[PDB]
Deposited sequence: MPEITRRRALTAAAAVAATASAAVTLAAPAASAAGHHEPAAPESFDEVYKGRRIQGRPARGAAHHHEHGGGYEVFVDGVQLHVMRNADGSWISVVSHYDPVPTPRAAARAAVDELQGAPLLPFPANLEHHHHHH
């Protein structure tokens, strides 16, 4: 089953997640309205394109790791 949706402001950025060139996403994440590619691993961990080699437990964790990575910068859409 899909993870729950989420919506919060994290380090000044709006991050949203919801169940739904790249893979058929089952789950979408957005940072200030720009979609961020994320992916689920077989063990249930998640990654995003800007932290792809570093599994974290949930899509919100992946979204937060992306905001951490971006250090304020806008995201470019994939």
Unmodelled spans of the deposited chain sequence come out as 1-39, 60-65, 124-134
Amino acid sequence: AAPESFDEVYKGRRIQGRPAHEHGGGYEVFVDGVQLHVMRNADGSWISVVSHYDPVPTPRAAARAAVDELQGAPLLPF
From here on, numbers count along this sequence of modelled residues.
So, looking at the entry's B-factor column for Cα atoms, which has the higher mean, 7-15 or 59-67?
7-15
Mean CA temperature factor from the deposited coordinates, higher in 24-32 or in 46-54?
24-32
